[PDB]
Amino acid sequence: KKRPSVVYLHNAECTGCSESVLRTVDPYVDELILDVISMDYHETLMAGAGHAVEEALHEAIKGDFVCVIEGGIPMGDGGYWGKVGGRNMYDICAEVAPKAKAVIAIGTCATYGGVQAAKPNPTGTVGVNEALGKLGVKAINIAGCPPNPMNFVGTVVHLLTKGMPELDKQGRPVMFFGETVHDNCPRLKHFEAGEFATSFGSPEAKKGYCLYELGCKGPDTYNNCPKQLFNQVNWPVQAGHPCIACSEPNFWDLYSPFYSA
């Protein structure tokens, strides 16, 4: 029918990737769901439950759709760690993803593995392209934990209006992830001036100096936080907390301990 069809899968996730979505503005989620796309399968918002919803996913995948995958895919010991309907998450994805016109990995968990993939990765979770790359899935990676609503919706609409966005080697659309947070950070003035906070309760902290010494991973993170803001109102560094590199592969291990450079 009319509006392009979207099938939204939930794997090893926290659901913060779907709540980020509900935060979209211009368009609001109502305009999105009723005028831009057809949300055919979405566990969190569905009216019917049990088999009524599985019959829906089943018929939607017979058509032309875009697949949205939230969460990492558990693969250790066979992947029984994550089940929907009694079926392992990897089995559902292996079936759905390859029939889609495009696959979009939402959240650092779907893109790279995420929180459950930090050491020692009890469940063997992996991102989408690592799990399904061999079934031919090449997903667009919208990184962040969670990503800015703008980067996911702006990619859906792009995909639907202009085509496939140019990606970086990490799979992220360069239009949103092409510059580091540091390059757009307003505390850059302090940085350039050689003015740093070495403690949270100090006068420098109160003056909004650079958090580099306090572990800001801004110089290493690709995201558009400073320029887009979150909730149209704030971002970590503005709230005086350093950037934790939440849009980067393996941040959990690579960038922790968080409060030390």
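All residue numbers are counted from 1 along the displayed sequence.
51-59 set against 30-38, stretch whose average Cα temperature factor tops the other in the entry = Mean CA B-factor is higher for 30-38.
Stretch exceeding the other in mean C-alpha B-factor - 173-181, 130-138 | 130-138 has the higher mean C-alpha B-factor.
What's the residue among 102, 117, 106, 160 with the greatest CA temperature factor in the PDB record?
-> Comparing C-alpha B-factors across 102, 117, 106, 160, the maximum falls on 160.
Using the temperature factors in the entry, find which of 186, 146, 122, 78 has the highest value at its Cα atom.
-> The listed residue with the largest C-alpha B-factor is 78.
Determine, from the deposited record, the chain-internal third of the Cα B-factor for residue 232: lowest, middle or highest.
-> Middle third, going by the recorded CA B-factors of the chain.
Chain third (lowest, middle, highest) by recorded CA B-factor, residue given as residue 25 = For residue 25, the deposited C-alpha B-factor lands in the highest third.
Among all modelled residues of this chain, ranked by Cα B factor, put residue 89 in the bottom, middle or top third, i.e. lowest, middle or highest.
-> Answer is middle: the recorded C-alpha B-factor places it there.
Grab the CA temperature factor for residue 225 from the record and place it in the lowest, middle or highest third of its chain.
-> Within its chain, residue 225 is a lowest-third residue by C-alpha B-factor, going by the deposited values.
Which third of the chain holds residue 97 when residues are ordered by C-alpha B factor: lowest, middle or highest?
-> Middle third - that is where residue 97 ends up once the chain's C-alpha B-factors are sorted.
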